[PDB]
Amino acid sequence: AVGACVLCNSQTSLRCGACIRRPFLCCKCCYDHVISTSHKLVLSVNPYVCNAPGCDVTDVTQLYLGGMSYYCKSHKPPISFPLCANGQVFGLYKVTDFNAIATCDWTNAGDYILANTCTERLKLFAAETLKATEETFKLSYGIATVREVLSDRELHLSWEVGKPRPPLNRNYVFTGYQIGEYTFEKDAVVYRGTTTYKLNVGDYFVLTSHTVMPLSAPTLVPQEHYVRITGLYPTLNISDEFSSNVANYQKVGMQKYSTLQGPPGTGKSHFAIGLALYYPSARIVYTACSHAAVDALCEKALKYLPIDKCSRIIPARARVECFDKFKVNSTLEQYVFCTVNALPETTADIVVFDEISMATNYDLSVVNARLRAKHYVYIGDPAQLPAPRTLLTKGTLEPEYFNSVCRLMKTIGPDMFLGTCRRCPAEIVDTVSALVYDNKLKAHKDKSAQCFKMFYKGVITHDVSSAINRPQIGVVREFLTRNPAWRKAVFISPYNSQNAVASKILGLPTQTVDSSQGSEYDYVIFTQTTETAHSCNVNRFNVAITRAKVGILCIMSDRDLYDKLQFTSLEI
């Protein structure tokens, strides 16, 4: 009942009862909250409510102190002091932005902008509030009960009436009933169970509503600059492979935390693992939000670091299949590879946080709370995709608002920038360099002369709200017959439903732009599907076309992005 004020640290007996997180507010700040918002309930050891039997006055602005007790205007004794006077609420030890965070529904971009331009303690309040709001929104959706089981990978579902149906993509993981986590794709629906359980008719699913723990650590620890490499011991014997990154590796040792913006295929994994070889005695924890991001860092480590000093941490509630070639759950190994949500409470000489565009401020805080480290390295690209904000429906979230790290990279610049793309044919490098990298990304590879664009709006049908463009898939089919080298191509679109249709008609392996991030393929076929803010997002467009090592075919709906593609145009 006694804590610190989230705005000015001042100790208090006062929490806001109307805030979902019930933050401690000091007398001076608690007033400015209750007098400017619909939030009027104030909590202490006992709540600020009229003590008179059967009186329902809970508004702190309508209440007074009668001796040591609280009463309304109708019940207060003659000698009574109002709880609201001289810019204070009466409590022991006697904000515009705090009010907006406390009362917003998180459906507006401007909400996320504020949660990322506010003070550091308000970034934690914002991140707790948001995640709590995100979790209580999961309860809004209807239950799905299994009507009939067709096979081992298909069934028919019955949905609760009066409650909306959640989007049936990979982003929405149900808990089966505790028969393990499950997902669905498009009345023939495809069921993907984490544990292979003989799907029972009548068994119901509910979305994994997890409890939001409070945040203590900042998103970013305060910056410290050093005169010399601190707490790390370099080599002189450093293989030429990693010689490019020696000056950056020294920068990492001469600051508390550093930011690396690595555009696609510019050597992020190579840099992350090359850091271990430069500080060979240093204990490094490798963390990212996703299992795929952590498994990509494991693959690079397997090639360059000794396998007996590497441990892949896997949560006891094992959700999806992940990296197998390390010792599992040895927290004490010199090299630890673990997702943010599974991180143990430990210390490190260096923490490397990868795929930083996908981190929320909640993720940034949890890392600082579980890992005490000499150096923090933040690797990713603010020109790539952020974490989905399930509540945000109005306005577009710009890269400078993704999280504190991206904000720094978009304002003061990143500490280090990998400027040469080794993956993509020059046609793709030149396109994205101009689009999102202010012409600072350079091509290693020559033009492939295998990068094609076709402007073809087709016809847009919708599986609920997920978009399909059968004519765009039809154009791809015609192209494949005349270009049999593309038989090996990965099909990519901004929509699962387009992918589902392209899977049946083309038989190509299929990937959403969002799930393609961090991966690379020889050939890519991209159908934009629609002209929407989703399918025209320059970050998503950037990720889409930079997956390709050799060739890409882009069937485009948007004139702007079509004209910018520096590709050979095709006819039909």
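Rigid core here is just the name for the largest C-alpha set that superposes within 1.5 Å across the two forms. From 1 onward, residues are counted along the sequence shown.
With 242-250 and 197-205 as candidates, the stretch whose CA atoms show the greater average offset from this form in 9 other deposited structures of this protein after a core fit is 197-205. The stretch that strays farther, by root mean square C-alpha distance over structures and residues in 9 other deposited structures of this protein after a rigid core fit, is 36-44, when 505-513 is set against 36-44. Among other compared entries that model residues flanking residue 318, a third or more give it no coordinates. The segment from residue 186 to residue 187 is interrupted, since 4 to 9 residues of the deposited sequence in that interval carry no coordinates. According to the entry, the stretch of the deposited sequence that connects residue 177 to residue 178 contains 4 to 9 residues lacking coordinates, which leaves a gap of moderate length in the model.
Just going by the entry, 3-11 versus 561-569 on mean CA temperature factor gives the higher value to 3-11. Across the two stretches, 522-530 and 64-72, the PDB entry reports the greater mean Cα temperature factor for 64-72. The residue among 545, 513, 506, 26 whose C-alpha atom has the highest B-factor in the PDB entry is 26. Across 365, 266, 136, 258, the greatest Cα temperature factor reported in the deposited entry is at 136. Per the deposited record, the Cα B-factor of residue 393 falls in the lowest third when ranked against the other modelled residues of its chain. The entry lists a Cα temperature factor for residue 435 that places it in the lowest third of the chain's modelled residues. Ranked within its chain, residue 20 lands in the middle third, by CA B factor from the PDB record.
Residue 402: CA B factor in the lowest third of modelled residues in this chain (values from the PDB entry).
Among the modelled residues of the chain, residue 48 sits in the middle third by CA temperature factor in this PDB entry.
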